[PDB]
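Engineer: If you scroll down you'll find the structure; I have some questions about it.
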Amino acid sequence: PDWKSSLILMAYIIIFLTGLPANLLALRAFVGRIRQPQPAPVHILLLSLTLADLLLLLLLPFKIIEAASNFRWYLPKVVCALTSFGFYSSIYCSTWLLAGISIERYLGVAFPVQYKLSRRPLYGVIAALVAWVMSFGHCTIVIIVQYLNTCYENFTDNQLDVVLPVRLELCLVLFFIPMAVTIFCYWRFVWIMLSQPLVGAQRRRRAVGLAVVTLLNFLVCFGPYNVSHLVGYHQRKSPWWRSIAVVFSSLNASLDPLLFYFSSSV
Amino acid sequence: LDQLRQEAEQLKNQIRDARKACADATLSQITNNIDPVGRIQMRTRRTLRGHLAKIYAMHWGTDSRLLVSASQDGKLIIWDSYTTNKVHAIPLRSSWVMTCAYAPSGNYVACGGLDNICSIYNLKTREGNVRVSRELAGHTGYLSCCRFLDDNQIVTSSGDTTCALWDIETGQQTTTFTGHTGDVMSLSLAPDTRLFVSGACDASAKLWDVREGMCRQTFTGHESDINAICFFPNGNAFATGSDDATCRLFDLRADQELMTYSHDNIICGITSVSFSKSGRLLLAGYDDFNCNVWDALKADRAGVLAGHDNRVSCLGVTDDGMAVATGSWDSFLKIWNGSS
Amino acid sequence: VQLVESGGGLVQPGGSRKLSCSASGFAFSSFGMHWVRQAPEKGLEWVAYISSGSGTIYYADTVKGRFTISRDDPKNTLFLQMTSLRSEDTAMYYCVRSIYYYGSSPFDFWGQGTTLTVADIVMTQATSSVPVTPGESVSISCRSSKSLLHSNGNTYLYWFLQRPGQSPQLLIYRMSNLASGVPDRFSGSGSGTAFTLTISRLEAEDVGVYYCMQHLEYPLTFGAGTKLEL
Amino acid sequence: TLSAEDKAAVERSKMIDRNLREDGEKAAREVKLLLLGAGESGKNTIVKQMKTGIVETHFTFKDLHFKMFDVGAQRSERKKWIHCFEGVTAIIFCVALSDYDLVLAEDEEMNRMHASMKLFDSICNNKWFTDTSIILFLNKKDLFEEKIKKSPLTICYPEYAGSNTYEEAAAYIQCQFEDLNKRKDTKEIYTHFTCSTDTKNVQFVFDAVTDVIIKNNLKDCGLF
Amino acid sequence: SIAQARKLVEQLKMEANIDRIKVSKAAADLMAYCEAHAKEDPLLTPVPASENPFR
Ligand SMILES: Cc1noc(C)c1-c1ccc(C(=O)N2[C@@H](c3ccccc3Cl)SC[C@H]2C(=O)O)cc1
Ligand SMILES: Cc1nc(NC(=N)N)sc1-c1cccc(NC(=O)c2ccc(F)cc2)c1
Numbered sequence: 003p004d005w006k007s008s009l010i011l012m013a014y015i016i017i018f019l020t021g022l023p024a025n026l027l028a029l030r031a032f033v034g035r036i037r038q039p040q041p042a043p044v045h046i047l048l049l050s051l052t053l054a055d056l057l058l059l060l061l062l063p064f065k066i067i068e069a070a071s072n073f074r075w076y077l078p079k080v081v082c083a084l085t086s087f088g089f090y091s092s093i094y095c096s097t098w099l100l101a102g103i104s105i106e107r108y109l110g111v112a113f114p115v116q117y118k119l120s121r122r123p124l125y126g127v128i129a130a131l132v133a134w135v136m137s138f139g140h141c142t143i144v145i146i147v148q149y150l151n163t164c165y166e167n168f169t170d171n172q173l174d175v176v177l178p179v180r181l182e183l184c185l186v187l188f189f190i191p192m193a194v195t196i197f198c199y200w201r202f203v204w205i206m207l208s209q210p211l212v213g214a215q216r217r218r219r220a221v222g223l224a225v226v227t228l229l230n231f232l233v234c235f236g237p238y239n240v241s242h243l244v245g246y247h248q249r250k251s252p253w254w255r256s257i258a259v260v261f262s263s264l265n266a267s268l269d270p271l272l273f274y275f276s277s278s279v
Numbered sequence: 004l005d006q007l008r009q010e011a012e013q014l015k016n017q018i019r020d021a022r023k024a025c026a027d028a029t030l031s032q033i034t035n036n037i038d039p040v041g042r043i044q045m046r047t048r049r050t051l052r053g054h055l056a057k058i059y060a061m062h063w064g065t066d067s068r069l070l071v072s073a074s075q076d077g078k079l080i081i082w083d084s085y086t087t088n089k090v091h092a093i094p095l096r097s098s099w100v101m102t103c104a105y106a107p108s109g110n111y112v113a114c115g116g117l118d119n120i121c122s123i124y125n126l127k128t129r130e131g132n133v134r135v136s137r138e139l140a141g142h143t144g145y146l147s148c149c150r151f152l153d154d155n156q157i158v159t160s161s162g163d164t165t166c167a168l169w170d171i172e173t174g175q176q177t178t179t180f181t182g183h184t185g186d187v188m189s190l191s192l193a194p195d196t197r198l199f200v201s202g203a204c205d206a207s208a209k210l211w212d213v214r215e216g217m218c219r220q221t222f223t224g225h226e227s228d229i230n231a232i233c234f235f236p237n238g239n240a241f242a243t244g245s246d247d248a249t250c251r252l253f254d255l256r257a258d259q260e261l262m263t264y265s266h267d268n269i270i271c272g273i274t275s276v277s278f279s280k281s282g283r284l285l286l287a288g289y290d291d292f293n294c295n296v297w298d299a300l301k302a303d304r305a306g307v308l309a310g311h312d313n314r315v316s317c318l319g320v321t322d323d324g325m326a327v328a329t330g331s332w333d334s335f336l337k338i339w340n341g342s343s
Numbered sequence: 002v003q004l005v006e007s008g009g010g011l012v013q014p015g016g017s018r019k020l021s022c023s024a025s026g027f028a029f030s031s032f033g034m035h036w037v038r039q040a041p042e043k044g045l046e047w048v049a050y051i052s053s054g055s056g057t058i059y060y061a062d063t064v065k066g067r068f069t070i071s072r073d074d075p076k077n078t079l080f081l082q083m084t085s086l087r088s089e090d091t092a093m094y095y096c097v098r099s100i101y102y103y104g105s106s107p108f109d110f111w112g113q114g115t116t117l118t119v137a138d139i140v141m142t143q144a145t146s147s148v149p150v151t152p153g154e155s156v157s158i159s160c161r162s163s164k165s166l167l168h169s170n171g172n173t174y175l176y177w178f179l180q181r182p183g184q185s186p187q188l189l190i191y192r193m194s195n196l197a198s199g200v201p202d203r204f205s206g207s208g209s210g211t212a213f214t215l216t217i218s219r220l221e222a223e224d225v226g227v228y229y230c231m232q233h234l235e236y237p238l239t240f241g242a243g244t245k246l247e248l
Numbered sequence: 004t005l006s007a008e009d010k011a012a013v014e015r016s017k018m019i020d021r022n023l024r025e026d027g028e029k030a031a032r033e034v035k036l037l038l039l040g041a042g043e044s045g046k047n048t049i050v051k052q053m054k182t183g184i185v186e187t188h189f190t191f192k193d194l195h196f197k198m199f200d201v202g203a204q205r206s207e208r209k210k211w212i213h214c215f216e217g218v219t220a221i222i223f224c225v226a227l228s229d230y231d232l233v234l235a236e237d238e239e240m241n242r243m244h245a246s247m248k249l250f251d252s253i254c255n256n257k258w259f260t261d262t263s264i265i266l267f268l269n270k271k272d273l274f275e276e277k278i279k280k281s282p283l284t285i286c287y288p289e290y291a292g293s294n295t296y297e298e299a300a301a302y303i304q305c306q307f308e309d310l311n312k313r314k315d316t317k318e319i320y321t322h323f324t325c326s327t328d329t330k331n332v333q334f335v336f337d338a339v340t341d342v343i344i345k346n347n348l349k350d351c352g353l354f
Numbered sequence: 008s009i010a011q012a013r014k015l016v017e018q019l020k021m022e023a024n025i026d027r028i029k030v031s032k033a034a035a036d037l038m039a040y041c042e043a044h045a046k047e048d049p050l051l052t053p054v055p056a057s058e059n060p061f062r
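Protein chains in written order, with the deposited numbering: chain R, 3 to 151, 163 to 279; chain B, 4 to 343; chain N, 2 to 119, 137 to 248; chain A, 4 to 54, 182 to 354; chain G, 8 to 62.
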């Protein structure tokens, strides 16, 4: 409960309070749009993203009370490995769903005929399932191999020799690929919309700026946490700023409905 | 020609005085001490879902359990309102369908629209698949409302400024009704199936005679196109909805207006009108996504039935009055029913 | 409508055989199919069933795990693979069409018939042979183990008439409604357990054996079979 | 809770529902265009290039299926049935340049070109076609070459101030149709000049259709 | 067209000969019909949930 920890509690409280009701409204609207005839794959991807954000929000109180206990010596024992697993799986699932939404946005403006022809919700379900697998199954096999041998904060030098390769893999093959495809697709989309001589600056800007803000939010939320993995591997120690890193990573769970649902109505 | 014009104008003034003389007191004045229904609240008991485009027509079967809905998707689904089961899914020849009907015997369903052809479908067949029994051609305008009399007689009102009576066996118009000057948008068949009215775009509703073949009475009072019409359950009155955002109840014997169901907060036009079993609740489908229930004897709104996203294009109360479906442009039907 | 089957014949025990049912004159892909066999000088009993867009392959207990029924919608042909043909299996097999929706007429048409010469609801009829004469009314009564009146209000009874050298013909379905083309003289009735069928003006074409179906539970057990004698 | 027959009835509904979905994901693949021409101006030259009421002309271009509904056959009121077309990808309007001096046969008072302008006036700013694009087509330009030589453009518009050359006379007609477009924020009306032999009319429609597909695709994603 | 006007004229007088009843008598019949059939209307007077087919 000292300075930085108090700031962490304040930030967690404000993000939870600001992101919950917006998440319920966005989830209800996305479910309703799914129920409407002829849904699009991007609608299912948005629904999956808001579901992952909601599940992350439901796991926030555990993090806030853990931080209230000086971010250590968590009172429960068998719930750390579940809450942290769910939190990190939700973070990575949100990253992959953001990458999928970026791919859909790039397809909708660079391959319009093909996107219209293949606008079938089955592909959206398949993409959402692929993202969900690539996050949750990775976290599950990691926790399983952990069980084949507070709340994942302090380790020993023996444990680091296993933790660091896992973090390196999670940053290199589980985050860099979604980050790379998101950056490439959004860059191509922005260039295409800036080279489209149909809609003037009165409405194309509203899409170019939205894409730029989405890419910036992605690189600001999911960036520091993941580069913390490389930093920890380089210095062979657990980074001390992992708490603020995961705070920034979870900030996207509340900022997502602002950029995906509350932009049309506002 | 002026001689005829003056005879006309003189005759038109003569009937106006006759209507004025018979109007001893307005319908609202006499029905003032009766107890109002209060507040009619209805809930969506079922949501028949599966359409993929707007809906312009629906008709309950005589059993009050099967309803047929027509949509721009090109499909004419016969629902099962009790269990939300799609009994049949008939693919229409032309996706532009603006009317549908269920035969009183339950064997046939008819569809029509911008193709100017009324298609009769045989539901009960040995082959087990619905077939087009006969395509009725002879209209040179979009067909807006078709209603069955028997298994071999159907009345169609189209954009030909005329309504026609067909013999399904022969396929020809035995009786053609003429006299309207504007597009005819809807018709209603009397319970006795001896008379039928039609709502035209010239703000005039004419009561026809199917057996004779000529208009019996002409009703005026609206200020825009009459988009819907329906008979009173006793067959001695009918209600007209128009783009003027006013529902008006006429009387056949009085041959004049009785009441108008208007509200200053309503500007959108009515798309469908259907009475209740007792003839007290006047269900009306407005274009502001509502289904305001009007007390036919008090002209006071008693419900909103607001559950639709797009316009409530078509609606219909069952023959037992146990439910009121509301087809809408959002491809969803909703079987409303007031709980106890 | 015409259901013609083939593949019957003498078979040694333990062998294999395939029965093909050719459907012509109606929408085969929209009709569920049943298999019904009849032992010589005996009644009928349900064999198998396949649904339109096969997702329900309910079999009979006496043949479950031994018989397989498959449909081929594109070619309009129904199959029945015969495996380990036991001594009891010798019978004449009927192809049955059925459609299921509100107000439908399941078990409407029956195939010509192919002969083979190698907990459940009980339905019993008190009489087996009723000596009758034309011009008089005779009532055919069946029995059921439990009430067939489902909460939907439907009582799942199907009547059939098998004239000599002919396939069974539907007369009354759901114990209340006639079938297509059946004379109006037939009139079924009865409660969930009280159970009967009445014929008004008997003629020379009304003779045969009357069978009663229960359809609430899919085992689909027939009745004893009341034979009318001229 | 479900009987043996009731269970099979649901299976019928599920099988029926799949066919609607299969036919609902196929209808959206097609592109619907409303050929809303003027009074016997065009609607005959263009339809030849791209292959008693509504008549539908179906043609395919670049793996895209277009459905074209020539609704001009009906003589009824346009307003009462034009809400059926709310949702078309584009409106293929057709105006004939050869009618700049001809007068309506049924009226003999109103210029045929002015009749086209009157119909375009209500259609462009119709309450149903605020988002749907309009592919304006100006055909019969071959005869417009000779006709403008005999009579200047002042026959239809006396306010015109220019010579009889085709380059500026045709541009004024285009600029006239740009005027009546009031919704200049969510609809840009495309213009094109076609003779009776050019095969690029299909390409121009596809190019304008694609720009509507992109806008529709962006709406689904969340942008725009 | 002149004869067409004569037809409109002909249609006008035949509607004038129609015997029109008083509105007060016509108004009472509509009100009486609702009063006699009020108990049989499931929308005016909701039916109990046991007898309601939609639940
Ligand atoms: C293997 C193994 N054996 O002993 C130990 C200790 C490990 C071990 C544990 C955790 C990690 C590790 O960094 N993770 C995993 C994790 C963290 C928290 C809760 C559940 C899980 Cl699955 S997934 C997300 C990532 C993260 O922290 O964000 C790496 C290695
Ligand atoms: C074939 C297909 N058609 C779609 N829709 C559309 N064309 N309208 S989606 C889609 C699809 C199906 C399965 C997997 C993936 N690939 C990913 O989900 C993904 C996400 C993030 C990442 F970093 C890498 C890959 C995409």
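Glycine is no exception: its CB is placed at the ideal position from the N, C-alpha and C atoms.
Taking N:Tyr101 as the query, report the chain A residues whose CB atoms sit under 7 Å from its CB, ordered along the chain.
Structural biologist: On the third sequence, residue 101 of chain N is found 100 positions in, with the first residue counted as 1. By Cβ distance, chain A contributes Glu8, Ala11, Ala12, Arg15.
Engineer: Classify B:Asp267: buried if its beta carbon has 16 or more other beta carbons within 10 angstroms, exposed otherwise.
Structural biologist: On the second sequence, position 264 is the one that residue 267 of chain B refers to. Per the 10 Å Cβ criterion, exposed.
Engineer: Leaving out the 5 sequence neighbours to the left and right, which residues in its chain are closer than 7 Å to residue 152 of chain R when beta-carbon positions are compared?
Structural biologist: Coordinates for residue 152 of chain R are lacking, as chain R steps from 151 to 163 with nothing built in between.
Engineer: Can you tell me whether B:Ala326 is helix, strand or coil according to DSSP?
Structural biologist: Sequence index remark: in the second sequence, residue 326 of chain B carries index 323 (1-based). Coil at B:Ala326, not helix or strand.
Engineer: Would you say R:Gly102 touches ligand 2, meaning its beta carbon is less than 7 Å from a heavy atom?
Structural biologist: Position 100 of the first sequence holds residue 102 of chain R. Answer for R:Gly102: yes, Cβ within range of ligand 2.
Engineer: Give, in chain order, every unbroken run of the beta strand (DSSP E) that is at least 3 residues long and sits entirely within the region 191 to 229 of chain B.
Structural biologist: Within the region 191 to 229 of chain B, the complete beta strand (DSSP E) runs of at least 3 residues are 198 to 203, 207 to 212, 218 to 223.
Engineer: Shorter than 8 Å from the beta carbon of R:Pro41 to some beta carbon of chain B?
Structural biologist: In the first sequence, the residue the question calls residue 41 of chain R occupies position 39. Closer than 8 Å: no.
Engineer: CB R:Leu51 to CB R:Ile103, shorter than 8 Å?
Structural biologist: Indexing the first sequence from 1 puts residue 51 of chain R at position 49. Indexing the first sequence from 1 puts residue 103 of chain R at position 101. Against a cut-off of 8 Å, the Cβ pair of R:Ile103 and R:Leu51 comes out as a contact.
Engineer: Going along chain R in order, which residues have a C-beta closer than 8 Å to the C-beta of A:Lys279?
Structural biologist: Taking the fourth sequence and counting its residues from 1, one reaches residue 279 of chain A at position 149. Per Cβ cutoff of 8 Å: no residues; A:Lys279 is ~35 Å from chain R at best.
Engineer: According to the neighbour-count rule (16 or more other Cβ atoms, all chains shown, within 10 Å of its Cβ), is B:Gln32 buried or exposed?
Structural biologist: Residue mapping note: residue 32 of chain B aligns to position 29 of the second sequence, counting from 1. Exposed, by the Cβ-count rule.
Engineer: State the Cα-Cα distance for the pair B:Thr50 and A:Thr340, rounded to the nearest angstrom.
Structural biologist: Working through the second sequence from its first residue, we reach residue 50 of chain B at position 47. Working through the fourth sequence from its first residue, we reach residue 340 of chain A at position 210. Roughly 36 Å between the two C-alpha positions.
Engineer: Are B:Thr178 and B:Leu168 touching if we call contact CB-CB under 8 Å?
Structural biologist: Position 175 of the second sequence, counting from 1, holds the residue named residue 178 of chain B. Position 165 of the second sequence, counting from 1, holds the residue named residue 168 of chain B. For B:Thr178 and B:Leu168, yes; Cβs fall inside 8 Å.
Engineer: Shorter than 7 Å, the distance from the beta carbon of R:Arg121 to the closest heavy atom of ligand 2, or not?
Structural biologist: The residue given as residue 121 of chain R occupies position 119 in the first sequence. Yes - ligand 2 has a heavy atom lying nearer than 7 Å to the Cβ of R:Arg121.
Engineer: Select from N:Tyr94, N:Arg219, N:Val227, N:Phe240 the residue whose C-alpha is nearest the C-alpha of N:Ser147.
Structural biologist: Translated into positions along the third sequence, residue 147 of chain N becomes position 129. If we check each option's Cα against that of N:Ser147, N:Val227 comes out closest.
Engineer: So is A:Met198 buried or exposed if we call it buried at 16+ other beta carbons inside 10 Å?
Structural biologist: By 1-based counting over the fourth sequence, the position of residue 198 of chain A is 68. Per the 10 Å Cβ criterion, buried.
Engineer: Taking the beta carbon of A:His188 as the centre, do at least 16 other beta carbons fall within 10 Å, making it buried, or is it exposed?
Structural biologist: By one-based count along the fourth sequence, residue 188 of chain A stands at place 58. By the 10 Å Cβ count, A:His188 comes out exposed.
Engineer: Check the Cβ-Cβ distances between B:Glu10 and every residue of chain G, and say whether any is below 8 Å.
Structural biologist: Taking the first residue of the second sequence as position 1, residue 10 of chain B is located at position 7. It does: the Cβ of B:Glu10 has a partner Cβ on chain G nearer than 8 Å.
Engineer: Mind checking the region 24 to 57 of chain N against chain B and listing, in chain order, the residues whose C-beta falls within less than 8 Å of any C-beta there?
Structural biologist: Against chain B - using a Cβ distance shorter than 8 Å - the residues of the region 24 to 57 of chain N are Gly26, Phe27, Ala28, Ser31, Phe32.
Engineer: Okay, do the region 275 to 293 of chain B and the region 319 to 331 of chain B touch, 3+ Cβ pairs below 8 Å being the bar?
Structural biologist: Contact between the region 275 to 293 of chain B and the region 319 to 331 of chain B is present, because at least three Cβ pairs lie under 8 Å.
Engineer: Based on DSSP bridge pairs, tell me the residues matched to N:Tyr191.
Structural biologist: Here residue 191 of chain N is taken as the residue at index 173 of the third sequence, counted from 1. Partner(s): N:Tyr176, N:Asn195.
Engineer: Just grab the DSSP bridge partners of B:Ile157 for me.
Structural biologist: Here residue 157 of chain B corresponds to residue number 154 of the second sequence, with the count starting at 1. According to DSSP, which records beta bridges pairwise, B:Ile157 is partnered with B:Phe151, B:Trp169.
Engineer: Express the C-alpha separation of B:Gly77 and B:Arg96 in angstroms, rounding to a whole number.
Structural biologist: Residue mapping note: residue 96 of chain B aligns to position 93 of the second sequence, counting from 1. Residue mapping note: residue 77 of chain B aligns to position 74 of the second sequence, counting from 1. One C-alpha to the other measures close to 7 Å.
Engineer: Suppose the cutoff is 6 Å on Cβ atoms and the five residues either side in sequence are ignored; what does the same chain contact list for A:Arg242 look like?
Structural biologist: Working through the fourth sequence from its first residue, we reach residue 242 of chain A at position 112. Here the set comprises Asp229, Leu232, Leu234.
Engineer: Under 7 Å Cβ to Cβ from B:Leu252, same chain only, skipping five residues before and after it: list those, please.
Structural biologist: On the second sequence, position 249 is the one that residue 252 of chain B refers to. If we look at B:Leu252 and ignore the five residues flanking it on each side, its Cβ neighbours are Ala240, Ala242, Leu261, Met262, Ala299.
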